[PDB]
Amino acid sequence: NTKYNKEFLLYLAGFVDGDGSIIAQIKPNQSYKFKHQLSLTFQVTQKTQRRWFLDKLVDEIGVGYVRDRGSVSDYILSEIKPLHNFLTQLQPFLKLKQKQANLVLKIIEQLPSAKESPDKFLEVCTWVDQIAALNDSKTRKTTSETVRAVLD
């Protein structure tokens, strides 16, 4: 369970508030109990010309990877366990995305609980709604209300 240096976390929190994204999604997928997956992702986006910065994050954070999408690349961290450890430590230094960070930690803690009840799942879905509302969301489709398709 990796412990991060405060100076690294302070700088990174600023970079994240700038070009990072703390995302929560509800993905329809019929292979799941409630027909949807609760997806969480921490990412940092940067011009591919500066991929080096992202590859560095992979080494420095110790988990995650960099995906390439042409002119732009992204450091991605989705693994729930390392995500919770990392956001717990980064959270206190965030100024713009502190609330979404805490909502993500909140969701992660209730996942085992949500995968047990339709109401618990729907409740967690309302928290992903809150994260989206805090972000500069512009193409969101699946919401907690969409999951209300469980009414069947």
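The numbering used is simple: start at 1 and walk along the sequence shown.
Asks: Which wins on mean Cα temperature factor, 21-29 or 137-145?
Replies: 137-145 has the higher mean C-alpha B-factor.
Asks: Which has higher Cα B-factors on average according to the PDB entry: 55-63 or 42-50?
Replies: The recorded data point to 55-63.
Asks: Between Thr88, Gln98, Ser117, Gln37, where does the Cα B-factor run highest in the record?
Replies: Reading the PDB entry, the winner on C-alpha B-factor is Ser117.
Asks: Going by the CA temperature factor in the PDB record, which third of the chain does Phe93 belong to: lowest, middle or highest?
Replies: Lowest third, going by the recorded CA B-factors of the chain.
Asks: Hey, what third does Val104 fall into on Cα B-factor, ranked over its chain?
Replies: Answer is lowest: the recorded C-alpha B-factor places it there.
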